Amino acid sequence: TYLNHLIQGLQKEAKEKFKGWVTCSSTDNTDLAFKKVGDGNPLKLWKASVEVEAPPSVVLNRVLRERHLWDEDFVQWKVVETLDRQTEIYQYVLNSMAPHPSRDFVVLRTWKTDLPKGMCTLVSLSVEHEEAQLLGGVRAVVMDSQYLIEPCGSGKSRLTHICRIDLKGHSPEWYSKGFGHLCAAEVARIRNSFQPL
């Protein structure tokens with residue numbers, strides 16, 4: 001047959017050259033984008049944004065201690081160990097939509113509220129703990145996860161989540177674009193949970 005799609009070849013060629021953020025279409029007023037790390041790992045690094053009607057340190061507490069207020073799937077949670085005033089081992093479970101197993105998490109988080117220019121950050125990465133035993137389905141691997149919250153406007157914040165998770169056992173042809181949408185919706189829910197509703 002005759003149909004040259006060297007086009008789809010030429011895009012895949014220019015993306016390989018590029019090492020920064022590739023933007024996406026995103027619903028419900030969010031900014032999505034991705035990035036190939038050049039890792040030797042197919043998994044993309046994603047970056048979602050929103051403007052949220054609350055000052056940074058509030059938004060930070062909303063992500064850090066109040067996620068039952070914005071995630072209907074967020075089920076079992078416990079601080080597993082406290083390492084210092086601002087770092088800990090946290091363990092939660094997320095329930096899954098279809099008859100799948102649950103995605104499970106055990107993470108080192110540290111957070112920071114006294115950064116220059118009113119900035120706050122929460123950062124996470126998966127670990128194992130001698131006391132955090134499979135609370136259900138499938139251990140994920142938070143390879144990267146970082147919330148950057150910065151002041152924009154009068155008592156409002158720009159919330160940005162850059163992450164890269166390896167849930168263990170779905171298609172690479174699913175984390176190609178579908179995962180990004182899940183990120184943009186997490187960050188939209190956080191926003192919604194500060195709207196009189």
# chains A, B, ... in the order shown; residues from 1 in each chain; ligands from 1
>>> residues_around(residues="segment 135-145 of chain A", least_positions_apart="2", cutoff="7 Å", atoms="only C-alpha atoms", output="list in words")
residues 101, 102, 103, 104, 105, 123, 124, 125, 126, 133, 147, 162, 163, 164, 165, 166, 167 and 168 of chain A
>>> residues_around(residues="residue 81 of chain A", least_positions_apart="4", cutoff="10 Å", atoms="only C-alpha atoms", output="count of residues only")
8
>>> closest_atom_pairs(of="segment 4-58 of chain A", to="segment 182-185 of chain A", cutoff="10 Å", atoms="only C-alpha atoms", output="JSON lines")
{"residue": "A:26", "atom": "CA", "partner": "A:184", "partner_atom": "CA", "distance": 7.3}
{"residue": "A:27", "atom": "CA", "partner": "A:184", "partner_atom": "CA", "distance": 7.9}
{"residue": "A:28", "atom": "CA", "partner": "A:185", "partner_atom": "CA", "distance": 8.0}
{"residue": "A:29", "atom": "CA", "partner": "A:184", "partner_atom": "CA", "distance": 9.0}
{"residue": "A:30", "atom": "CA", "partner": "A:184", "partner_atom": "CA", "distance": 6.1}
{"residue": "A:31", "atom": "CA", "partner": "A:184", "partner_atom": "CA", "distance": 7.3}
{"residue": "A:32", "atom": "CA", "partner": "A:184", "partner_atom": "CA", "distance": 6.4}
{"residue": "A:33", "atom": "CA", "partner": "A:184", "partner_atom": "CA", "distance": 9.6}
{"residue": "A:46", "atom": "CA", "partner": "A:183", "partner_atom": "CA", "distance": 7.8}
{"residue": "A:47", "atom": "CA", "partner": "A:183", "partner_atom": "CA", "distance": 7.8}
{"residue": "A:48", "atom": "CA", "partner": "A:184", "partner_atom": "CA", "distance": 5.2}
{"residue": "A:49", "atom": "CA", "partner": "A:184", "partner_atom": "CA", "distance": 6.9}
{"residue": "A:50", "atom": "CA", "partner": "A:184", "partner_atom": "CA", "distance": 8.3}
>>> write_last_selection(atoms="N, CA, C and O atoms", output="CSV table (one decimal), in the first residue's frame")
chain,number,residue,atom,x,y,z
A,26,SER,N,-5.0,19.1,28.1
A,26,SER,CA,-5.4,18.8,29.5
A,26,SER,C,-6.7,19.4,29.8
A,26,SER,O,-7.0,20.5,29.4
A,27,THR,N,-7.6,18.6,30.5
A,27,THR,CA,-8.9,19.2,30.9
A,27,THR,C,-8.9,19.9,32.2
A,27,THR,O,-8.0,19.8,33.0
A,28,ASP,N,-10.1,20.6,32.5
A,28,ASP,CA,-10.4,21.1,33.8
A,28,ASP,C,-9.3,22.0,34.3
A,28,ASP,O,-8.8,21.9,35.4
A,29,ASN,N,-8.9,22.9,33.4
A,29,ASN,CA,-8.0,24.0,33.7
A,29,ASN,C,-6.7,23.6,34.3
A,29,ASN,O,-6.2,24.2,35.3
A,30,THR,N,-6.0,22.6,33.7
A,30,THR,CA,-4.7,22.2,34.2
A,30,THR,C,-3.6,22.3,33.2
A,30,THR,O,-3.9,22.2,32.0
A,31,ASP,N,-2.4,22.5,33.6
A,31,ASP,CA,-1.2,22.4,32.7
A,31,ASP,C,-0.5,21.1,32.8
A,31,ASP,O,0.1,20.9,33.8
A,32,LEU,N,-0.6,20.3,31.8
A,32,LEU,CA,0.2,19.0,31.7
A,32,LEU,C,1.4,19.1,30.8
A,32,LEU,O,1.4,19.9,29.8
A,33,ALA,N,2.4,18.3,31.0
A,33,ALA,CA,3.6,18.1,30.2
A,33,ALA,C,4.4,16.9,30.5
A,33,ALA,O,4.3,16.4,31.6
A,46,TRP,N,6.4,13.2,34.5
A,46,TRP,CA,5.3,14.1,34.3
A,46,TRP,C,5.3,15.3,35.1
A,46,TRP,O,5.9,15.4,36.2
A,47,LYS,N,4.5,16.3,34.7
A,47,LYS,CA,4.4,17.6,35.4
A,47,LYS,C,3.1,18.2,35.2
A,47,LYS,O,2.8,18.7,34.1
A,48,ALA,N,2.3,18.2,36.2
A,48,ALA,CA,0.9,18.9,36.2
A,48,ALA,C,0.8,20.1,37.1
A,48,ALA,O,1.5,20.2,38.1
A,49,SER,N,0.0,21.1,36.7
A,49,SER,CA,-0.2,22.3,37.5
A,49,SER,C,-1.7,22.8,37.7
A,49,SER,O,-2.6,22.3,36.9
A,50,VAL,N,-1.9,23.6,38.7
A,50,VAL,CA,-3.1,24.3,38.9
A,50,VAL,C,-2.8,25.6,39.7
A,50,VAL,O,-1.8,25.7,40.3
>>> closest_residue(among="A:190, A:119, A:10, A:127", to="residue 150 of chain A", atoms="only C-alpha atoms")
A:119
>>> closest_atom_pairs(of="segment 77-117 of chain A", to="segment 52-59 of chain A", cutoff="10 Å", atoms="only C-alpha atoms", output="Markdown table")
| residue | atom | partner | partner_atom | distance |
| --- | --- | --- | --- | --- |
| A:112 | CA | A:57 | CA | 9.3 |
| A:113 | CA | A:57 | CA | 6.5 |
| A:114 | CA | A:57 | CA | 9.4 |
>>> select_by_dssp(residues="chain A", states="alpha helix (DSSP H)", output="PyMOL selection string")
chain A and resi 6-17+56-65+178-192
>>> write_last_selection(atoms="C-alpha atoms", output="PDB file, in the first residue's frame")
ATOM      1  CA  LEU A   6       7.609   9.160   7.931  1.00  0.00           C
ATOM      2  CA  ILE A   7       5.664  11.887   9.794  1.00  0.00           C
ATOM      3  CA  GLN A   8       5.187   9.716  12.862  1.00  0.00           C
ATOM      4  CA  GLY A   9       8.836   8.767  12.314  1.00  0.00           C
ATOM      5  CA  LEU A  10       9.938  12.410  12.118  1.00  0.00           C
ATOM      6  CA  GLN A  11       8.167  13.406  15.342  1.00  0.00           C
ATOM      7  CA  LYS A  12       9.700  10.435  17.175  1.00  0.00           C
ATOM      8  CA  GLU A  13      13.012  11.665  15.748  1.00  0.00           C
ATOM      9  CA  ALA A  14      12.699  15.258  16.988  1.00  0.00           C
ATOM     10  CA  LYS A  15      11.475  14.194  20.423  1.00  0.00           C
ATOM     11  CA  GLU A  16      14.617  12.062  20.844  1.00  0.00           C
ATOM     12  CA  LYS A  17      16.738  15.152  20.232  1.00  0.00           C
ATOM     13  CA  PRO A  56       1.237  27.880  50.050  1.00  0.00           C
ATOM     14  CA  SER A  57       1.733  26.444  53.527  1.00  0.00           C
ATOM     15  CA  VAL A  58      -2.031  25.753  53.696  1.00  0.00           C
ATOM     16  CA  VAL A  59      -1.980  23.917  50.344  1.00  0.00           C
ATOM     17  CA  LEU A  60       1.020  22.026  51.687  1.00  0.00           C
ATOM     18  CA  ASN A  61      -0.873  20.836  54.730  1.00  0.00           C
ATOM     19  CA  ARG A  62      -3.681  19.934  52.398  1.00  0.00           C
ATOM     20  CA  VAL A  63      -1.374  17.575  50.524  1.00  0.00           C
ATOM     21  CA  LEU A  64       0.562  16.462  53.554  1.00  0.00           C
ATOM     22  CA  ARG A  65      -2.084  15.713  56.222  1.00  0.00           C
ATOM     23  CA  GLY A 178      -3.192   8.134  30.157  1.00  0.00           C
ATOM     24  CA  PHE A 179      -1.076   8.481  33.296  1.00  0.00           C
ATOM     25  CA  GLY A 180      -0.576  12.219  32.711  1.00  0.00           C
ATOM     26  CA  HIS A 181      -4.300  12.703  32.884  1.00  0.00           C
ATOM     27  CA  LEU A 182      -4.412  10.961  36.224  1.00  0.00           C
ATOM     28  CA  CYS A 183      -1.763  13.439  37.465  1.00  0.00           C
ATOM     29  CA  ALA A 184      -3.634  16.493  36.168  1.00  0.00           C
ATOM     30  CA  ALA A 185      -6.768  15.294  37.915  1.00  0.00           C
ATOM     31  CA  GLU A 186      -4.991  14.809  41.249  1.00  0.00           C
ATOM     32  CA  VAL A 187      -3.856  18.348  41.118  1.00  0.00           C
ATOM     33  CA  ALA A 188      -7.361  19.485  40.097  1.00  0.00           C
ATOM     34  CA  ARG A 189      -8.949  17.707  43.020  1.00  0.00           C
ATOM     35  CA  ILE A 190      -6.536  19.358  45.407  1.00  0.00           C
ATOM     36  CA  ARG A 191      -7.674  22.630  43.913  1.00  0.00           C
ATOM     37  CA  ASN A 192     -11.375  21.781  44.102  1.00  0.00           C
TER      38      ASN A 192
END
>>> select_by_dssp(residues="segment 100-176 of chain A", states="strand (DSSP E)", output="VMD selection string")
chain A and resid 103 to 112 120 to 126 138 to 139 142 to 151 157 to 165
>>> write_last_selection(atoms="N, CA, C and O atoms", output="compact mmCIF listing (two decimals), in the first residue's frame")
# COMPACT_ATOMS: atom_id res chain seq x y z
N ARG A 103 -3.16 -0.12 44.43
CA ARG A 103 -1.80 0.38 44.35
C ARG A 103 -1.35 0.78 45.76
O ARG A 103 -2.03 1.54 46.46
N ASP A 104 -0.21 0.24 46.21
CA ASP A 104 0.26 0.46 47.58
C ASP A 104 1.59 1.21 47.69
O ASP A 104 2.46 1.09 46.81
N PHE A 105 1.74 1.99 48.75
CA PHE A 105 2.84 2.95 48.83
C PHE A 105 3.50 2.99 50.19
O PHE A 105 2.84 2.90 51.21
N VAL A 106 4.81 3.14 50.18
CA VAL A 106 5.58 3.27 51.39
C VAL A 106 6.69 4.17 50.97
O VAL A 106 7.48 3.84 50.10
N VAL A 107 6.78 5.31 51.60
CA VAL A 107 7.52 6.39 51.04
C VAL A 107 8.31 7.14 52.10
O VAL A 107 7.88 7.24 53.24
N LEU A 108 9.51 7.60 51.76
CA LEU A 108 10.22 8.59 52.54
C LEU A 108 9.73 10.00 52.08
O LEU A 108 9.87 10.33 50.90
N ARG A 109 9.10 10.80 52.93
CA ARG A 109 8.69 12.17 52.52
C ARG A 109 9.43 13.12 53.39
O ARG A 109 9.58 12.87 54.58
N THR A 110 9.81 14.25 52.84
CA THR A 110 10.31 15.30 53.65
C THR A 110 9.64 16.55 53.12
O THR A 110 9.24 16.57 51.97
N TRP A 111 9.45 17.57 53.94
CA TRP A 111 8.76 18.76 53.44
C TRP A 111 9.45 19.96 54.00
O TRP A 111 10.19 19.83 54.96
N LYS A 112 9.20 21.12 53.40
CA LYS A 112 9.99 22.28 53.66
C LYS A 112 9.10 23.50 53.46
O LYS A 112 8.52 23.64 52.41
N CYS A 120 7.00 26.39 49.16
CA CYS A 120 7.03 25.15 49.95
C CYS A 120 7.20 23.96 49.05
O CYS A 120 6.86 24.02 47.88
N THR A 121 7.70 22.86 49.61
CA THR A 121 7.96 21.66 48.83
C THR A 121 7.68 20.44 49.65
O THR A 121 8.02 20.36 50.83
N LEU A 122 7.10 19.46 48.99
CA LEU A 122 7.01 18.15 49.61
C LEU A 122 7.68 17.15 48.64
O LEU A 122 7.35 17.12 47.47
N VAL A 123 8.61 16.34 49.10
CA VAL A 123 9.23 15.36 48.21
C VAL A 123 9.19 13.92 48.74
O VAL A 123 9.31 13.65 49.96
N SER A 124 9.01 12.99 47.80
CA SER A 124 8.79 11.63 48.17
C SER A 124 9.54 10.63 47.31
O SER A 124 9.84 10.92 46.15
N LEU A 125 9.85 9.47 47.85
CA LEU A 125 10.41 8.38 47.04
C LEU A 125 10.13 7.12 47.80
O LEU A 125 10.10 7.15 49.01
N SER A 126 9.89 6.03 47.08
CA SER A 126 9.44 4.79 47.68
C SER A 126 10.58 4.14 48.41
O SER A 126 11.73 4.27 48.00
N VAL A 138 -0.54 -4.12 45.10
CA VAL A 138 0.73 -4.03 44.38
C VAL A 138 1.57 -2.82 44.78
O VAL A 138 1.22 -1.69 44.45
N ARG A 139 2.70 -3.05 45.45
CA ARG A 139 3.64 -1.97 45.73
C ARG A 139 4.00 -1.19 44.49
O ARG A 139 4.51 -1.76 43.53
N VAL A 142 7.41 5.03 43.69
CA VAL A 142 7.50 6.45 43.49
C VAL A 142 8.99 6.69 43.25
O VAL A 142 9.78 6.63 44.18
N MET A 143 9.38 6.88 41.99
CA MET A 143 10.78 7.08 41.63
C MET A 143 11.11 8.54 41.85
O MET A 143 12.14 8.89 42.44
N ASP A 144 10.21 9.39 41.38
CA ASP A 144 10.22 10.82 41.65
C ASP A 144 8.82 11.26 42.03
O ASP A 144 7.83 10.78 41.47
N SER A 145 8.75 12.15 43.01
CA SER A 145 7.51 12.84 43.33
C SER A 145 7.87 14.07 44.08
O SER A 145 8.49 14.00 45.16
N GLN A 146 7.49 15.21 43.53
CA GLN A 146 7.75 16.41 44.27
C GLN A 146 6.70 17.45 44.05
O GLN A 146 6.38 17.79 42.91
N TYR A 147 6.13 17.95 45.15
CA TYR A 147 5.17 19.04 45.05
C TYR A 147 5.94 20.32 45.26
O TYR A 147 6.69 20.44 46.23
N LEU A 148 5.80 21.25 44.31
CA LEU A 148 6.33 22.60 44.45
C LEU A 148 5.16 23.56 44.53
O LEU A 148 4.34 23.63 43.61
N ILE A 149 5.07 24.28 45.64
CA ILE A 149 3.97 25.22 45.86
C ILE A 149 4.55 26.60 46.00
O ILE A 149 5.39 26.83 46.87
N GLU A 150 4.13 27.52 45.15
CA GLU A 150 4.69 28.86 45.20
C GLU A 150 3.60 29.91 45.22
O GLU A 150 2.51 29.67 44.71
N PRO A 151 3.88 31.07 45.83
CA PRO A 151 2.87 32.11 45.94
C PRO A 151 2.65 32.77 44.60
O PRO A 151 3.60 33.20 43.97
N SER A 157 -2.02 30.14 45.38
CA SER A 157 -0.81 29.42 45.06
C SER A 157 -0.85 28.77 43.70
O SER A 157 -1.92 28.35 43.23
N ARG A 158 0.32 28.67 43.08
CA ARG A 158 0.53 27.81 41.93
C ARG A 158 1.02 26.47 42.51
O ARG A 158 2.07 26.40 43.15
N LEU A 159 0.26 25.40 42.31
CA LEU A 159 0.68 24.09 42.74
C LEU A 159 1.26 23.28 41.58
O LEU A 159 0.61 23.14 40.56
N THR A 160 2.45 22.74 41.74
CA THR A 160 3.03 21.94 40.66
C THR A 160 3.51 20.59 41.18
O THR A 160 4.37 20.53 42.06
N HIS A 161 2.95 19.52 40.63
CA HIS A 161 3.45 18.19 40.93
C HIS A 161 4.26 17.54 39.78
O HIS A 161 3.70 17.11 38.76
N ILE A 162 5.58 17.46 39.96
CA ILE A 162 6.41 16.66 39.06
C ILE A 162 6.65 15.25 39.58
O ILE A 162 7.40 15.08 40.53
N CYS A 163 6.08 14.24 38.95
CA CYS A 163 6.39 12.89 39.37
C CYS A 163 6.57 11.83 38.27
O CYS A 163 6.37 12.07 37.08
N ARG A 164 6.94 10.63 38.72
CA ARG A 164 7.36 9.53 37.89
C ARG A 164 7.17 8.29 38.74
O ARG A 164 8.00 7.97 39.59
N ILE A 165 6.06 7.60 38.54
CA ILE A 165 5.76 6.43 39.33
C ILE A 165 5.78 5.19 38.45
O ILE A 165 5.44 5.26 37.26
>>> atom_distance(atom1="atom CA of residue 45 of chain A", atom2="atom CA of residue 92 of chain A")
21.8 Å
>>> atom_distance(atom1="atom CA of residue 70 of chain A", atom2="atom CA of residue 194 of chain A")
9.5 Å
>>> atom_distance(atom1="atom CA of residue 41 of chain A", atom2="atom CA of residue 4 of chain A")
29.3 Å
